[PDB]
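**Q** See input_29.txt below, with compact mmCIF, N, CA and C atoms.
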# COMPACT_ATOMS: atom_id res chain seq x y z
N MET V 1 37.58 -4.44 -17.28
CA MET V 1 37.23 -5.41 -16.21
C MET V 1 36.86 -6.79 -16.79
N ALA V 2 36.93 -7.85 -15.96
CA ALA V 2 36.58 -9.22 -16.36
C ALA V 2 35.05 -9.47 -16.41
N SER V 3 34.27 -8.78 -15.58
CA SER V 3 32.81 -8.91 -15.51
C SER V 3 32.09 -8.39 -16.78
N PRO V 4 30.92 -8.96 -17.16
CA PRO V 4 30.16 -8.53 -18.34
C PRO V 4 29.44 -7.19 -18.14
N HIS V 5 29.13 -6.80 -16.89
CA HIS V 5 28.48 -5.55 -16.51
C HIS V 5 28.68 -5.26 -15.00
N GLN V 6 28.26 -4.07 -14.53
CA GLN V 6 28.20 -3.75 -13.10
C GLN V 6 27.05 -4.49 -12.43
N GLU V 7 27.26 -4.98 -11.21
CA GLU V 7 26.26 -5.72 -10.43
C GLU V 7 25.75 -4.83 -9.27
N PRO V 8 24.47 -4.41 -9.27
CA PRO V 8 23.87 -3.75 -8.12
C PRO V 8 23.59 -4.78 -7.02
N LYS V 9 23.81 -4.37 -5.77
CA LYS V 9 23.61 -5.21 -4.58
C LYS V 9 22.17 -5.03 -4.03
N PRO V 10 21.51 -6.10 -3.54
CA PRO V 10 20.12 -6.04 -3.09
C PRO V 10 20.00 -5.12 -1.88
N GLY V 11 19.06 -4.17 -1.97
CA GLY V 11 18.79 -3.14 -0.97
C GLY V 11 19.75 -1.95 -1.00
N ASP V 12 20.76 -1.94 -1.87
CA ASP V 12 21.62 -0.78 -2.15
C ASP V 12 21.08 0.03 -3.34
N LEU V 13 21.55 1.28 -3.44
CA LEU V 13 21.03 2.28 -4.38
C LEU V 13 22.05 2.72 -5.44
N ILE V 14 21.51 2.99 -6.62
CA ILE V 14 22.19 3.10 -7.91
C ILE V 14 21.90 4.49 -8.48
N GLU V 15 22.94 5.20 -8.89
CA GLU V 15 22.85 6.44 -9.66
C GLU V 15 22.66 6.07 -11.13
N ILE V 16 21.60 6.57 -11.78
CA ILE V 16 21.21 6.23 -13.16
C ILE V 16 21.24 7.48 -14.05
N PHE V 17 22.07 7.46 -15.09
CA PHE V 17 22.08 8.46 -16.15
C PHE V 17 20.98 8.10 -17.17
N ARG V 18 19.72 8.33 -16.76
CA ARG V 18 18.51 7.89 -17.48
C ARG V 18 18.19 8.74 -18.72
N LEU V 19 18.65 9.99 -18.72
CA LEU V 19 18.15 11.11 -19.54
C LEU V 19 19.22 12.22 -19.56
N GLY V 20 18.85 13.46 -19.89
CA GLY V 20 19.70 14.66 -19.75
C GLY V 20 19.84 15.12 -18.29
N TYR V 21 19.85 14.17 -17.35
CA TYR V 21 19.77 14.32 -15.90
C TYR V 21 20.08 12.98 -15.18
N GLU V 22 20.47 13.04 -13.91
CA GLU V 22 20.82 11.87 -13.09
C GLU V 22 19.69 11.53 -12.10
N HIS V 23 19.21 10.29 -12.16
CA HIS V 23 18.16 9.74 -11.31
C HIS V 23 18.76 8.77 -10.26
N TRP V 24 17.96 8.39 -9.26
CA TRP V 24 18.29 7.32 -8.31
C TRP V 24 17.37 6.10 -8.48
N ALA V 25 17.88 4.91 -8.14
CA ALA V 25 17.10 3.68 -8.04
C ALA V 25 17.59 2.76 -6.90
N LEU V 26 16.72 1.88 -6.40
CA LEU V 26 16.95 0.94 -5.30
C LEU V 26 16.67 -0.49 -5.80
N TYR V 27 17.65 -1.38 -5.74
CA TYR V 27 17.53 -2.77 -6.21
C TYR V 27 16.75 -3.65 -5.21
N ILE V 28 15.43 -3.77 -5.39
CA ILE V 28 14.53 -4.49 -4.46
C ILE V 28 14.51 -6.02 -4.65
N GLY V 29 14.88 -6.52 -5.83
CA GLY V 29 14.91 -7.94 -6.15
C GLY V 29 15.95 -8.24 -7.21
N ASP V 30 16.17 -9.52 -7.50
CA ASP V 30 17.10 -9.95 -8.53
C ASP V 30 16.55 -9.57 -9.93
N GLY V 31 16.92 -8.37 -10.39
CA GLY V 31 16.50 -7.76 -11.65
C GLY V 31 15.39 -6.71 -11.54
N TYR V 32 14.99 -6.29 -10.33
CA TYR V 32 13.88 -5.35 -10.11
C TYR V 32 14.29 -4.14 -9.25
N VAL V 33 13.79 -2.95 -9.61
CA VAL V 33 14.19 -1.67 -9.00
C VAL V 33 13.00 -0.74 -8.71
N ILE V 34 13.15 0.08 -7.67
CA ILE V 34 12.27 1.21 -7.34
C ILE V 34 13.05 2.47 -7.72
N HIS V 35 12.46 3.42 -8.44
CA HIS V 35 13.17 4.59 -8.97
C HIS V 35 12.27 5.84 -9.02
N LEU V 36 12.88 7.02 -9.15
CA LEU V 36 12.17 8.30 -9.14
C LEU V 36 11.96 8.87 -10.54
N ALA V 37 10.73 9.32 -10.80
CA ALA V 37 10.33 10.11 -11.96
C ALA V 37 10.26 11.59 -11.48
N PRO V 38 11.19 12.48 -11.88
CA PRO V 38 11.34 13.83 -11.32
C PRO V 38 10.12 14.76 -11.53
N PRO V 39 10.01 15.86 -10.76
CA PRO V 39 8.97 16.89 -10.91
C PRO V 39 9.19 17.82 -12.12
N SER V 40 10.01 17.43 -13.09
CA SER V 40 10.29 18.18 -14.32
C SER V 40 10.38 17.24 -15.54
N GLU V 41 9.88 17.70 -16.69
CA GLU V 41 10.00 17.03 -17.99
C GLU V 41 11.36 17.29 -18.65
N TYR V 42 11.70 16.51 -19.68
CA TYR V 42 12.87 16.79 -20.54
C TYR V 42 12.68 18.12 -21.31
N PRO V 43 13.71 19.01 -21.38
CA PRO V 43 13.59 20.33 -22.00
C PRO V 43 13.37 20.22 -23.51
N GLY V 44 12.53 21.12 -24.05
CA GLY V 44 12.12 21.11 -25.46
C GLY V 44 11.05 20.05 -25.71
N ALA V 45 9.85 20.27 -25.15
CA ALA V 45 8.73 19.32 -25.18
C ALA V 45 8.21 18.96 -26.59
N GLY V 46 8.45 19.82 -27.59
CA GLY V 46 8.22 19.53 -29.02
C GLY V 46 6.79 19.74 -29.54
N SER V 47 5.85 20.15 -28.69
CA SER V 47 4.44 20.37 -29.08
C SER V 47 4.21 21.82 -29.56
N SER V 48 3.36 22.02 -30.57
CA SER V 48 3.03 23.37 -31.09
C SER V 48 2.37 24.28 -30.03
N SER V 49 1.77 23.69 -28.99
CA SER V 49 1.20 24.38 -27.82
C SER V 49 2.20 24.66 -26.68
N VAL V 50 3.40 24.04 -26.68
CA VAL V 50 4.37 24.09 -25.55
C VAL V 50 5.72 23.44 -25.90
N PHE V 51 6.81 24.18 -25.64
CA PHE V 51 8.19 23.74 -25.88
C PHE V 51 9.11 23.97 -24.67
N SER V 52 9.22 25.22 -24.21
CA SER V 52 10.20 25.62 -23.18
C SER V 52 9.76 25.27 -21.74
N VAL V 53 8.44 25.24 -21.47
CA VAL V 53 7.88 24.90 -20.15
C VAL V 53 7.98 23.39 -19.90
N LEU V 54 8.47 23.02 -18.71
CA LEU V 54 8.75 21.63 -18.31
C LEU V 54 8.27 21.27 -16.89
N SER V 55 7.52 22.14 -16.21
CA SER V 55 7.06 21.93 -14.83
C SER V 55 6.07 20.75 -14.71
N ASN V 56 6.20 19.94 -13.65
CA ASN V 56 5.42 18.71 -13.45
C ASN V 56 5.37 18.29 -11.95
N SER V 57 5.02 17.04 -11.66
CA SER V 57 4.97 16.46 -10.30
C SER V 57 5.83 15.18 -10.22
N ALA V 58 6.47 14.91 -9.07
CA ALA V 58 7.32 13.72 -8.92
C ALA V 58 6.51 12.47 -8.58
N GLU V 59 6.99 11.29 -8.99
CA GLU V 59 6.40 9.99 -8.66
C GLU V 59 7.49 8.93 -8.45
N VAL V 60 7.36 8.11 -7.41
CA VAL V 60 8.18 6.91 -7.18
C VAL V 60 7.53 5.71 -7.89
N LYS V 61 8.30 5.00 -8.71
CA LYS V 61 7.83 3.96 -9.64
C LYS V 61 8.63 2.64 -9.52
N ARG V 62 8.00 1.50 -9.83
CA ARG V 62 8.62 0.16 -9.85
C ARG V 62 8.85 -0.31 -11.30
N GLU V 63 10.00 -0.93 -11.57
CA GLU V 63 10.46 -1.25 -12.92
C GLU V 63 11.61 -2.28 -12.88
N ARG V 64 11.95 -2.85 -14.04
CA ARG V 64 13.02 -3.83 -14.21
C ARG V 64 14.37 -3.12 -14.37
N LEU V 65 15.45 -3.71 -13.82
CA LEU V 65 16.82 -3.19 -13.97
C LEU V 65 17.17 -3.02 -15.45
N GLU V 66 16.94 -4.05 -16.27
CA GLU V 66 17.23 -4.02 -17.71
C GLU V 66 16.46 -2.93 -18.49
N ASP V 67 15.30 -2.46 -17.99
CA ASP V 67 14.59 -1.31 -18.58
C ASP V 67 15.22 0.01 -18.10
N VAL V 68 15.49 0.12 -16.79
CA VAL V 68 16.13 1.31 -16.18
C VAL V 68 17.57 1.52 -16.69
N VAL V 69 18.26 0.44 -17.04
CA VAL V 69 19.62 0.43 -17.60
C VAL V 69 19.64 0.46 -19.14
N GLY V 70 18.55 0.06 -19.82
CA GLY V 70 18.47 0.04 -21.28
C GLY V 70 18.61 1.44 -21.89
N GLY V 71 19.65 1.63 -22.72
CA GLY V 71 20.01 2.92 -23.32
C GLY V 71 20.64 3.93 -22.35
N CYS V 72 20.97 3.50 -21.12
CA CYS V 72 21.41 4.34 -20.00
C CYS V 72 22.78 3.88 -19.45
N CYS V 73 23.43 4.76 -18.68
CA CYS V 73 24.63 4.44 -17.88
C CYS V 73 24.28 4.45 -16.38
N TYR V 74 25.09 3.81 -15.53
CA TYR V 74 24.81 3.68 -14.09
C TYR V 74 26.04 3.41 -13.22
N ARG V 75 25.87 3.50 -11.89
CA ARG V 75 26.90 3.28 -10.85
C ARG V 75 26.25 3.09 -9.47
N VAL V 76 26.64 2.08 -8.69
CA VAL V 76 26.23 1.96 -7.27
C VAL V 76 26.94 3.07 -6.48
N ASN V 77 26.17 3.86 -5.72
CA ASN V 77 26.65 5.05 -5.02
C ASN V 77 25.80 5.34 -3.77
N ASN V 78 25.85 4.42 -2.80
CA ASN V 78 25.12 4.52 -1.54
C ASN V 78 25.84 5.45 -0.54
N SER V 79 25.84 6.74 -0.87
CA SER V 79 26.51 7.84 -0.17
C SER V 79 26.56 7.71 1.37
N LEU V 80 25.41 7.74 2.05
CA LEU V 80 25.34 7.74 3.52
C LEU V 80 25.81 6.43 4.17
N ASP V 81 25.66 5.30 3.47
CA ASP V 81 26.24 4.01 3.87
C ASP V 81 27.77 3.99 3.71
N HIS V 82 28.30 4.59 2.64
CA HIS V 82 29.74 4.78 2.44
C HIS V 82 30.33 5.80 3.46
N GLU V 83 29.53 6.79 3.90
CA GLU V 83 29.91 7.77 4.91
C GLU V 83 29.90 7.21 6.34
N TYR V 84 28.95 6.33 6.69
CA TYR V 84 28.80 5.79 8.06
C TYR V 84 27.95 4.51 8.24
N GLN V 85 26.70 4.45 7.75
CA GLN V 85 25.69 3.56 8.36
C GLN V 85 25.91 2.04 8.08
N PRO V 86 25.52 1.14 9.02
CA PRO V 86 25.54 -0.31 8.80
C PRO V 86 24.35 -0.82 7.98
N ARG V 87 23.15 -0.24 8.19
CA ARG V 87 21.93 -0.40 7.39
C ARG V 87 21.23 -1.79 7.44
N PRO V 88 19.95 -1.87 7.90
CA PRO V 88 19.15 -3.10 7.90
C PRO V 88 18.57 -3.37 6.50
N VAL V 89 19.32 -4.10 5.67
CA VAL V 89 19.06 -4.30 4.22
C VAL V 89 17.62 -4.74 3.90
N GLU V 90 17.03 -5.65 4.69
CA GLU V 90 15.66 -6.15 4.47
C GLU V 90 14.61 -5.05 4.72
N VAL V 91 14.86 -4.19 5.70
CA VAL V 91 13.98 -3.06 6.06
C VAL V 91 14.11 -1.94 5.03
N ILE V 92 15.26 -1.79 4.36
CA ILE V 92 15.41 -0.87 3.22
C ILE V 92 14.59 -1.35 2.02
N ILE V 93 14.69 -2.64 1.66
CA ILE V 93 13.87 -3.24 0.59
C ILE V 93 12.37 -3.14 0.93
N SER V 94 12.01 -3.32 2.20
CA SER V 94 10.63 -3.18 2.66
C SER V 94 10.16 -1.72 2.56
N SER V 95 11.02 -0.77 2.92
CA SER V 95 10.76 0.67 2.82
C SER V 95 10.60 1.12 1.37
N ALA V 96 11.40 0.59 0.44
CA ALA V 96 11.26 0.84 -0.99
C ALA V 96 9.91 0.33 -1.53
N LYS V 97 9.51 -0.88 -1.14
CA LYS V 97 8.18 -1.44 -1.45
C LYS V 97 7.01 -0.72 -0.72
N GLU V 98 7.28 0.14 0.26
CA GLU V 98 6.30 1.05 0.86
C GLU V 98 6.29 2.42 0.13
N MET V 99 7.46 2.89 -0.33
CA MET V 99 7.64 4.12 -1.12
C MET V 99 7.14 4.01 -2.56
N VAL V 100 6.99 2.82 -3.12
CA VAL V 100 6.32 2.64 -4.42
C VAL V 100 4.96 3.36 -4.46
N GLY V 101 4.80 4.23 -5.46
CA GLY V 101 3.60 5.05 -5.68
C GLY V 101 3.57 6.39 -4.94
N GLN V 102 4.56 6.71 -4.09
CA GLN V 102 4.66 8.01 -3.43
C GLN V 102 4.90 9.13 -4.45
N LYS V 103 4.43 10.32 -4.11
CA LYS V 103 4.52 11.55 -4.92
C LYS V 103 5.07 12.74 -4.12
N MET V 104 5.77 13.66 -4.80
CA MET V 104 6.40 14.86 -4.20
C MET V 104 6.32 16.07 -5.15
N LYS V 105 6.44 17.29 -4.61
CA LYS V 105 6.19 18.53 -5.39
C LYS V 105 6.95 19.79 -4.92
N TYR V 106 7.21 19.93 -3.61
CA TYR V 106 7.72 21.18 -3.02
C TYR V 106 9.22 21.43 -3.23
N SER V 107 10.03 20.38 -3.36
CA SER V 107 11.49 20.47 -3.54
C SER V 107 11.91 20.55 -5.03
N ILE V 108 13.04 21.22 -5.31
CA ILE V 108 13.66 21.25 -6.65
C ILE V 108 14.34 19.91 -6.98
N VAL V 109 14.52 19.59 -8.27
CA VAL V 109 14.94 18.25 -8.74
C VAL V 109 16.14 17.64 -8.01
N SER V 110 17.19 18.43 -7.72
CA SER V 110 18.41 17.93 -7.07
C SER V 110 18.12 17.42 -5.65
N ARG V 111 17.35 18.19 -4.87
CA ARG V 111 16.94 17.78 -3.53
C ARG V 111 15.82 16.74 -3.57
N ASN V 112 14.93 16.79 -4.57
CA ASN V 112 13.87 15.80 -4.76
C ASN V 112 14.44 14.37 -4.92
N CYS V 113 15.57 14.25 -5.64
CA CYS V 113 16.39 13.04 -5.75
C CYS V 113 17.00 12.61 -4.39
N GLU V 114 17.73 13.50 -3.71
CA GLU V 114 18.36 13.18 -2.41
C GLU V 114 17.32 12.83 -1.33
N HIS V 115 16.22 13.58 -1.24
CA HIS V 115 15.13 13.35 -0.29
C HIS V 115 14.44 12.00 -0.57
N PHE V 116 14.32 11.59 -1.84
CA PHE V 116 13.88 10.25 -2.22
C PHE V 116 14.82 9.16 -1.68
N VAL V 117 16.13 9.20 -1.97
CA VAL V 117 17.05 8.15 -1.44
C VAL V 117 17.26 8.22 0.08
N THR V 118 16.98 9.36 0.73
CA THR V 118 16.93 9.46 2.20
C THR V 118 15.68 8.78 2.74
N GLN V 119 14.53 8.89 2.07
CA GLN V 119 13.31 8.14 2.43
C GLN V 119 13.39 6.63 2.10
N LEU V 120 14.18 6.23 1.09
CA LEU V 120 14.48 4.81 0.83
C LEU V 120 15.31 4.19 1.97
N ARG V 121 16.38 4.87 2.41
CA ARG V 121 17.15 4.53 3.62
C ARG V 121 16.28 4.80 4.86
N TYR V 122 16.43 5.99 5.47
CA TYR V 122 15.59 6.58 6.54
C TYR V 122 15.77 5.87 7.90
N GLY V 123 16.51 4.75 7.88
CA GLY V 123 16.67 3.78 8.97
C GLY V 123 17.80 4.15 9.91
N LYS V 124 19.03 4.05 9.40
CA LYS V 124 20.26 4.38 10.13
C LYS V 124 20.86 5.74 9.72
N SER V 125 20.21 6.47 8.80
CA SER V 125 20.51 7.87 8.44
C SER V 125 20.31 8.83 9.62
Hey, can you dump this file as structure tokens for me?
**A**
Amino acid sequence: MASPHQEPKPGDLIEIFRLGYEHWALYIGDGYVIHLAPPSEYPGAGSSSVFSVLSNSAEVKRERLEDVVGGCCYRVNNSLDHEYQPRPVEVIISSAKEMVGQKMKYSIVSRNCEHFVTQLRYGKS
């Protein structure tokens, strides 16, 4: 491609290959994102007291695009908007700035991710 990198659109959501797993993020400003920290750790914790156990709690966090993308791969993938919705972009960015600091525990990682980006949208879904 001619472009230097992929460009995320404001109030649209990005699939992030952050780790040995796929995360979601929402572009709230020019270079700023809201993203999910899953209810599980990376496998093989490396401590003499614990290695195989990885159970934890989920948190929604605010961060820079260049940090979320640093050492990582990514793609814009706004599933439900591509499937149907018109979406009130300013109210999605406002909803992401309300979801900052939210926590979750009852769902498994795959649904914990989808339920997060459904709560980021939640408008025309």
**Q** Please provide as a list in words all residues within 8 Å of residue 81 in chain V, with the sequence filter that same-chain residues fewer than 5 positions apart are discarded (counting only N, CA and C atoms).
**A**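 The residues that qualify are residues 86, 87, 124 and 125 of chain V.
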**Q** Choose the residue, out of V:54, V:120, V:16, V:37, that has the smallest atom-to-atom separation from residue 94 in chain V; count all atoms listed in the file.
**A**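 Nearest to residue 94 in chain V: V:120.
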**Q** Find the residues near residue 119 in chain V: any atom within 9 Å, counting only C-alpha atoms, skip ones fewer than 5 places away on the same chain, and give them as a VMD selection string.
**A** chain V and resid 95 to 96 99 114
**Q** Rounded to one decimal place, report the CA of residue 73 in chain V-CA of residue 43 in chain V distance in Å.
**A**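 Pair CA of residue 73 in chain V / CA of residue 43 in chain V returns 19.8 Å.
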**Q** From a DSSP calculation on the backbone, collect every residue of range 15-118 of chain V in strand (DSSP E or B) and output the set as a PyMOL selection string.
**A** chain V and resi 15-17+23-29+32-37+40+47+50+55+58-64+73-76+103-104
**Q** Hey, can you check how far CA of residue 12 in chain V sits from atom C of residue 58 in chain V?
**A**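 So the answer is 21.1 Å.
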**Q** To one decimal in Å, tell me the separation between atom C of residue 52 in chain V and atom N of residue 36 in chain V.
**A** 22.4 Å
**Q** Provide an axis-aligned box for all listed atoms of range 66-83 of chain V, padding each side by 4 Å; report its centre and its edge lengths in Å to one decimal, as AutoDock Vina command-line options.
**A**
--center_x 22.5 --center_y 1.9 --center_z -8.5 --size_x 23.7 --size_y 19.9 --size_z 37.7
**Q** List the spatial neighbours of residue 56 in chain V as a PDB file with N, CA and C atoms, in the frame of the given file - criterion: any atom at most 6 Å away, only N, CA and C atoms, same-chain residues fewer than 5 positions off excluded.
**A**
ATOM      1  N   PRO V  38      11.190  12.480 -11.880  1.00  0.00           N
ATOM      2  CA  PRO V  38      11.340  13.830 -11.320  1.00  0.00           C
ATOM      3  C   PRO V  38      10.120  14.760 -11.530  1.00  0.00           C
ATOM      4  N   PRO V  39      10.010  15.860 -10.760  1.00  0.00           N
ATOM      5  CA  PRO V  39       8.970  16.890 -10.910  1.00  0.00           C
ATOM      6  C   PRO V  39       9.190  17.820 -12.120  1.00  0.00           C
ATOM      7  N   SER V  40      10.010  17.430 -13.090  1.00  0.00           N
ATOM      8  CA  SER V  40      10.290  18.180 -14.320  1.00  0.00           C
ATOM      9  C   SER V  40      10.380  17.240 -15.540  1.00  0.00           C
ATOM     10  N   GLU V  41       9.880  17.700 -16.690  1.00  0.00           N
ATOM     11  CA  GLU V  41      10.000  17.030 -17.990  1.00  0.00           C
ATOM     12  C   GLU V  41      11.360  17.290 -18.650  1.00  0.00           C
TER      13      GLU V  41
END
**Q** Tell me which protein, DNA and RNA residues are within 6.5 Å of range 25-28 of chain V, counting only N, CA and C atoms, leaving out same-chain ones fewer than 3 positions away, and put them as a list in words.
**A**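 Surrounding residues, per the criterion: residues 8, 9, 10, 11, 12, 13, 14, 15, 16, 32, 33, 34, 35, 36 and 93 of chain V.
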